[PDB]
Amino acid sequence: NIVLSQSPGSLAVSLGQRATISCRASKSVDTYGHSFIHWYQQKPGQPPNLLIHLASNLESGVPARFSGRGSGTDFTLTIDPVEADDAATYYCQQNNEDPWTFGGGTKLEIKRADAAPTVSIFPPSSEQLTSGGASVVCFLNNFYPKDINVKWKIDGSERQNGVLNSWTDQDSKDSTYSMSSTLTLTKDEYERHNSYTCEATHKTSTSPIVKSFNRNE
Amino acid sequence: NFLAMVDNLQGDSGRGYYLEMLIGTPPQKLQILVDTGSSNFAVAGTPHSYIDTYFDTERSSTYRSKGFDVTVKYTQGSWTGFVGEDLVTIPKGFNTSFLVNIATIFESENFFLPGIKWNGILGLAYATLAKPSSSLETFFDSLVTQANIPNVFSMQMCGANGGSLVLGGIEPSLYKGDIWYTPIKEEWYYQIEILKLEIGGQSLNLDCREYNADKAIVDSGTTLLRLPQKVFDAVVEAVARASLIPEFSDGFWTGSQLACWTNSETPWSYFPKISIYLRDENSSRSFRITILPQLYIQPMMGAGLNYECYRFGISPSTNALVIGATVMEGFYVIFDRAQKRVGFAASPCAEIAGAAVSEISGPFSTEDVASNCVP
Amino acid sequence: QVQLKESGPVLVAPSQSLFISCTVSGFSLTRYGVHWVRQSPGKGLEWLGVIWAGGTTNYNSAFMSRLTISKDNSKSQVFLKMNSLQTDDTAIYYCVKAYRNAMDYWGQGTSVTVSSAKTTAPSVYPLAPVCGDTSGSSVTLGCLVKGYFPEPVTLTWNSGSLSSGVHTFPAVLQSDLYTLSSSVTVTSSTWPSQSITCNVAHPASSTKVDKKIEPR
Ligand SMILES: CN1C(=O)C[C@@](C)(c2cccc(NC(=O)c3ccc(OCC(F)(F)F)cn3)c2)N=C1N
């Protein structure tokens, strides 16, 4: 087994700048002076897609912003200038020997301007209440960078248990991330309290963005 | 007499071309590698696992110790021996005996390797590379003095079966067409000026100084064409753009499997020609030596098989650009020290299935390149 | 136009056998090989094996004890069969067209979950904005999809017509069930004048659910 090791695991690069990502093979991938290693791009929710054949041959229909170099055990993919659409994970894959193997991949993050989240809070639906459940949802949309903290407060008091968080992948068009936080409680616990609050802290401000509602009001 | 020297070499590029020599009194027969990349005559002076025979000084009545030792270091190895002098005869060429400096090697690292048939080395470069110093007269300088031959030697390698080392001049039966001559830039190694590299008619578009960055040399003691890392990268990049490798399919599913071929099928037509442009003795002009895939996609297997495996005959160097035996196999090479020039001509022995494996053409203009490409 | 389409069991119990078909279009299996590749958080992308034009198969040696690839040229289909399943065989399984010395066209992939847990329909809830909040220039609505198994679900807004301004979050596994949510943001002049509905289908339980977002 030839092992492929990509570095770095993750890279943030500004629009219009140069991205360089590396692949190291554990053994030479060369025969007849050709390197049997290939570069693929994988955008979120899609399969990978071949960009560079045999280390350095740019596939037809792939922009000239992409180029591959290397020989022996050391290969690089370069993207220059970087565009928004380039937000994806890049993989090298070898087939000088069997089995064919892939590297662990490199996520290219587009380093757009910092942006504060747009925050929205959502009481349980009347449908879910009629049915005896109580979920409170907060969406923190269209922010950068990805690091963000959400605090749930019930009647001014902080709750840590029962919170489930999911982040989207970086948006291909505006380069932002979005995140969702769901606080789950029993209907009876929910009806014991009046005010529900989700607080977002992000480096775009020293004070949290606070969204709140009062039950039955 | 140059005709008596035809086919005086045995061997191949991979493990060396070697000349038979009789040393001392009575004559001890040794097998000497022909190395245009060094400047000492040095032979095994003690047993070694990878040699059959060695020169025993205590058995030559004519041997004289010169009272000092000598050591040589190179990239991955070295050797050490004692220095003396003795009478040497070259059966094929020089039946008269002459007195030469000889180093007798008692210790070495990565010098005598398994697979070789030689037990000594004849360095044919300049005195300035001689150890311990340039005052240790070169074998060929001794020969020139004592045999009064011209300060010229030429080499043909027929491994692409032996070859010829013509000491004292040029043998017309060993080439066809014209000799093209390029200046020796510095007399240490045989250093010449490379102007441009071309892969399938397409130039690399590197600064010409990249080919000479350290130095470009002609070295019969190097097997492969060795290229500085940057030039290597550009060459293999160009080869991949120009080649036409088959697609993976039934019975061919890894790159490794590209190495061996059955049913008389060869990999050659999938690969581009490689051309090196050298500056002519006339500055405005250049000529170009070309190698076909036949030369740098080299067969590997012992005899009696109905398939063949091949190896890429080009590798990275850290410093020198080395025109090794790979390339010299395509040409008759004249080391005209008297006139500070290296000549190249087409070898008729350099053919596969009656078809040429190398080309030489010129003149080409040098208007578009710097007047000096050696930094 | 080259297309590959995988069809497999979304859910299969451990020890049991996996069988996936790949129906191809726009090229012939008599001219091109088809590879199988899978992808999982834990093992990344693994090349499983290939079946070439002439029917030769080559396999990843780690899988050879349990993997069989085959094809039916006259049905334009390629087949994967794997035995002795384990939970870390959970992955997206792709069939991929051979090309030169690599691979060009991939199917969209089929999600395979290896586990003994049972199939469960999701509960779907419309999320309208807080009652009586200011009617600003834009408005965010949401859809909560809760307590399903296994992955995947597919969520659209207005049957897929409404795609501007949508974020659909990756499912998170909680107490062996799945929850995901989606938001959509539109102008004030859009909602509530226009009907806005999330549509949620969950293959594994053959449920299709529509929930219209209503002002509270
Ligand atoms: C190229 N060259 C040199 O580097 C020095 C010299 C004297 C020469 C002549 C004959 C043999 C050698 N030996 C080698 O080049 C050599 C052999 C094996 C080596 O190591 C390989 C490994 F360590 F086994 F991997 C390194 N160098 C050198 N002449 C040359 N032309």
# chains A, B, ... in the order shown; residues from 1 in each chain; ligands from 1
$ interface_residues --of "chain A" --to "chain C" --cutoff "9 Å" --atoms "only C-alpha atoms" --output "PyMOL selection string"
chain A and resi 36-38+45-50+53-54+93-95+98-105+120-128+135+137+139+141+164-169+178-180+182+212-213+216-217
$ interface_residues --of "chain B" --to "chain C" --cutoff "9 Å" --atoms "only C-alpha atoms" --output "PyMOL selection string"
chain B and resi 245-251+253-255
$ write_last_selection --atoms "N, CA, C and O atoms" --output "compact mmCIF listing (two decimals), in the first residue's frame"
# COMPACT_ATOMS: atom_id res chain seq x y z
N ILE B 245 0.36 7.55 -23.13
CA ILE B 245 0.33 6.35 -22.30
C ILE B 245 -1.03 5.64 -22.54
O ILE B 245 -2.04 6.30 -22.63
N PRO B 246 -1.04 4.31 -22.68
CA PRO B 246 -2.36 3.66 -22.75
C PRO B 246 -3.21 3.85 -21.49
O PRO B 246 -2.68 4.07 -20.39
N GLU B 247 -4.52 3.72 -21.67
CA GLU B 247 -5.47 3.84 -20.59
C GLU B 247 -5.52 2.51 -19.85
O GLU B 247 -5.25 1.46 -20.43
N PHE B 248 -5.85 2.56 -18.57
CA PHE B 248 -6.00 1.34 -17.78
C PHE B 248 -7.18 0.55 -18.37
O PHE B 248 -8.18 1.14 -18.82
N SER B 249 -7.06 -0.78 -18.37
CA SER B 249 -8.09 -1.69 -18.90
C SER B 249 -7.77 -3.13 -18.50
O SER B 249 -6.90 -3.37 -17.66
N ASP B 250 -8.43 -4.10 -19.10
CA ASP B 250 -8.16 -5.50 -18.76
C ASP B 250 -6.65 -5.84 -18.82
O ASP B 250 -5.98 -5.52 -19.79
N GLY B 251 -6.12 -6.43 -17.75
CA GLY B 251 -4.68 -6.76 -17.65
C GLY B 251 -3.70 -5.60 -17.56
O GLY B 251 -2.50 -5.82 -17.67
N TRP B 253 -3.74 -2.33 -14.88
CA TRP B 253 -4.50 -1.53 -13.91
C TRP B 253 -3.68 -0.74 -12.90
O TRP B 253 -4.25 -0.07 -12.05
N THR B 254 -2.34 -0.80 -13.01
CA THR B 254 -1.45 0.07 -12.25
C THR B 254 -0.36 0.66 -13.13
O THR B 254 0.01 0.08 -14.17
N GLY B 255 0.16 1.81 -12.72
CA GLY B 255 1.26 2.46 -13.44
C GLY B 255 2.49 1.56 -13.52
O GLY B 255 3.21 1.56 -14.52
$ select_by_dssp --residues "region 59-183 of chain C" --states "helix (DSSP H, G or I)" --output "list in words"
residues 73, 74, 75, 87, 88, 89, 158, 159 and 160 of chain C
$ write_last_selection --atoms "C-alpha atoms" --output "short mmCIF file (atom, residue, chain, number, x, y, z; two decimals), in the first residue's frame"
data_model
loop_
_atom_site.label_atom_id
_atom_site.label_comp_id
_atom_site.auth_asym_id
_atom_site.auth_seq_id
_atom_site.Cartn_x
_atom_site.Cartn_y
_atom_site.Cartn_z
CA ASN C 73 -23.46 -5.37 -20.45
CA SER C 74 -26.91 -5.94 -21.97
CA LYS C 75 -28.56 -4.30 -18.97
CA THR C 87 -20.94 -0.81 11.20
CA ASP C 88 -17.84 0.95 9.75
CA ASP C 89 -18.95 -0.23 6.29
CA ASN C 158 -41.93 24.94 -2.39
CA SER C 159 -41.12 21.66 -4.20
CA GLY C 160 -37.64 22.95 -4.96
#
$ select_by_dssp --residues "region 4-139 of chain C" --states "strand (DSSP E or B)" --output "mmCIF file with C-alpha atoms, in the first residue's frame"
data_model
loop_
_atom_site.group_PDB
_atom_site.id
_atom_site.type_symbol
_atom_site.label_atom_id
_atom_site.label_comp_id
_atom_site.auth_asym_id
_atom_site.auth_seq_id
_atom_site.Cartn_x
_atom_site.Cartn_y
_atom_site.Cartn_z
ATOM 1 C CA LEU C 4 -24.140 6.777 -13.489
ATOM 2 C CA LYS C 5 -26.870 6.040 -10.947
ATOM 3 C CA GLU C 6 -26.393 3.923 -7.831
ATOM 4 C CA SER C 7 -29.241 2.045 -6.245
ATOM 5 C CA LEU C 11 -30.264 0.366 5.582
ATOM 6 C CA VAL C 12 -28.830 -3.128 6.161
ATOM 7 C CA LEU C 18 -24.835 -5.424 0.734
ATOM 8 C CA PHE C 19 -26.033 -5.341 -2.901
ATOM 9 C CA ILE C 20 -25.799 -2.160 -5.036
ATOM 10 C CA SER C 21 -26.571 -1.675 -8.712
ATOM 11 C CA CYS C 22 -25.089 1.030 -10.988
ATOM 12 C CA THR C 23 -27.070 1.862 -14.084
ATOM 13 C CA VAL C 24 -25.001 3.742 -16.664
ATOM 14 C CA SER C 25 -25.918 5.909 -19.622
ATOM 15 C CA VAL C 34 -16.404 1.014 -13.879
ATOM 16 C CA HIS C 35 -14.813 1.468 -10.461
ATOM 17 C CA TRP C 36 -16.405 1.344 -7.029
ATOM 18 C CA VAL C 37 -15.329 3.930 -4.410
ATOM 19 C CA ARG C 38 -16.730 4.665 -0.978
ATOM 20 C CA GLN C 39 -16.374 7.568 1.413
ATOM 21 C CA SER C 40 -16.881 7.758 5.185
ATOM 22 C CA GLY C 44 -12.171 8.787 3.983
ATOM 23 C CA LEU C 45 -12.187 7.736 0.315
ATOM 24 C CA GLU C 46 -11.339 4.062 -0.381
ATOM 25 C CA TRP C 47 -11.059 2.480 -3.843
ATOM 26 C CA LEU C 48 -12.882 -0.821 -3.593
ATOM 27 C CA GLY C 49 -12.202 -2.274 -7.054
ATOM 28 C CA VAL C 50 -13.015 -2.240 -10.685
ATOM 29 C CA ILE C 51 -14.538 -4.235 -13.510
ATOM 30 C CA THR C 57 -12.106 -7.456 -12.087
ATOM 31 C CA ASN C 58 -9.387 -6.068 -9.855
ATOM 32 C CA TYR C 59 -10.070 -5.526 -6.154
ATOM 33 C CA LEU C 67 -16.310 -8.145 -2.199
ATOM 34 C CA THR C 68 -17.627 -9.208 -5.642
ATOM 35 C CA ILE C 69 -18.060 -6.844 -8.534
ATOM 36 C CA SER C 70 -19.942 -7.889 -11.665
ATOM 37 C CA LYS C 71 -21.814 -6.469 -14.599
ATOM 38 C CA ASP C 72 -24.460 -7.126 -17.187
ATOM 39 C CA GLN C 77 -25.562 -2.341 -15.168
ATOM 40 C CA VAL C 78 -22.694 -2.862 -12.800
ATOM 41 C CA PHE C 79 -23.077 -4.665 -9.468
ATOM 42 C CA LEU C 80 -21.360 -4.594 -6.152
ATOM 43 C CA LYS C 81 -21.915 -7.289 -3.509
ATOM 44 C CA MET C 82 -20.273 -7.232 -0.132
ATOM 45 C CA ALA C 91 -20.504 5.022 3.902
ATOM 46 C CA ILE C 92 -21.585 6.659 0.682
ATOM 47 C CA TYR C 93 -20.949 4.170 -2.142
ATOM 48 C CA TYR C 94 -20.070 5.498 -5.594
ATOM 49 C CA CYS C 95 -19.752 3.866 -8.975
ATOM 50 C CA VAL C 96 -17.266 5.753 -11.183
ATOM 51 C CA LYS C 97 -16.424 5.610 -14.915
ATOM 52 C CA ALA C 98 -12.854 4.640 -15.920
ATOM 53 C CA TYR C 99 -10.911 7.324 -17.812
ATOM 54 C CA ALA C 102 -7.868 7.707 -13.434
ATOM 55 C CA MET C 103 -11.647 8.261 -13.195
ATOM 56 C CA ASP C 104 -13.965 10.882 -14.758
ATOM 57 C CA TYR C 105 -17.720 10.593 -14.054
ATOM 58 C CA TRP C 106 -19.148 9.598 -10.672
ATOM 59 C CA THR C 110 -25.739 5.881 -2.446
ATOM 60 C CA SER C 111 -25.841 6.159 1.333
ATOM 61 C CA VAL C 112 -25.466 2.826 3.109
ATOM 62 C CA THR C 113 -26.035 2.476 6.845
ATOM 63 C CA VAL C 114 -24.966 -0.754 8.577
ATOM 64 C CA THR C 120 -38.425 5.603 11.699
ATOM 65 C CA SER C 123 -41.693 14.401 12.565
ATOM 66 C CA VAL C 124 -41.829 17.617 10.570
ATOM 67 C CA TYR C 125 -42.665 21.035 12.155
ATOM 68 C CA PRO C 126 -43.088 24.417 10.563
ATOM 69 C CA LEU C 127 -41.108 27.223 12.280
ATOM 70 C CA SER C 138 -36.823 40.375 5.439
ATOM 71 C CA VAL C 139 -38.056 37.322 7.284
#
$ interface_residues --of "chain B" --to "chain A" --cutoff "8 Å" --atoms "only C-alpha atoms" --output "list in words"
residues 233, 236, 237, 239, 240, 241, 253, 254, 255, 256, 258, 259, 297, 311 and 312 of chain B
$ residues_around --residues "residue 26 (chain A)" --least-positions-apart "5" --cutoff "9 Å" --atoms "only C-alpha atoms" --output "PyMOL selection string"
chain A and resi 1-5+73
$ residues_around --residues "region 275-279 of chain B" --least-positions-apart "5" --cutoff "6 Å" --atoms "only C-alpha atoms" --output "PyMOL selection string"
chain B and resi 182+193-198+286-290
$ residues_near_ligand --ligand "ligand 1" --cutoff "7 Å" --atoms "only C-alpha atoms and all ligand atoms" --output "JSON, numbers by chain"
{"B": [35, 36, 37, 38, 74, 75, 76, 77, 110, 111, 112, 113, 121, 219, 220, 221, 222]}
$ write_last_selection --atoms "C-alpha atoms" --output "CSV table (one decimal), in the first residue's frame"
chain,number,residue,atom,x,y,z
B,35,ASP,CA,35.9,7.5,-16.8
B,36,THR,CA,35.9,10.9,-18.3
B,37,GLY,CA,34.7,12.2,-15.0
B,38,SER,CA,37.9,11.7,-12.9
B,74,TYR,CA,32.5,11.9,-4.2
B,75,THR,CA,28.7,12.2,-3.6
B,76,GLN,CA,28.0,8.8,-2.0
B,77,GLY,CA,31.4,7.2,-1.7
B,110,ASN,CA,30.4,2.6,-2.8
B,111,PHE,CA,33.1,2.3,-5.3
B,112,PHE,CA,33.3,-1.4,-6.2
B,113,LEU,CA,29.6,-2.4,-6.4
B,121,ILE,CA,39.5,3.1,-13.1
B,219,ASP,CA,30.9,11.8,-18.2
B,220,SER,CA,31.4,8.2,-19.4
B,221,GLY,CA,31.5,7.1,-15.8
B,222,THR,CA,27.9,8.2,-15.1
$ atom_distance --atom1 "CA of residue 43 (chain B)" --atom2 "CA of residue 104 (chain B)"
5.1 Å
$ atom_distance --atom1 "CA of residue 193 (chain C)" --atom2 "CA of residue 157 (chain C)"
15.7 Å
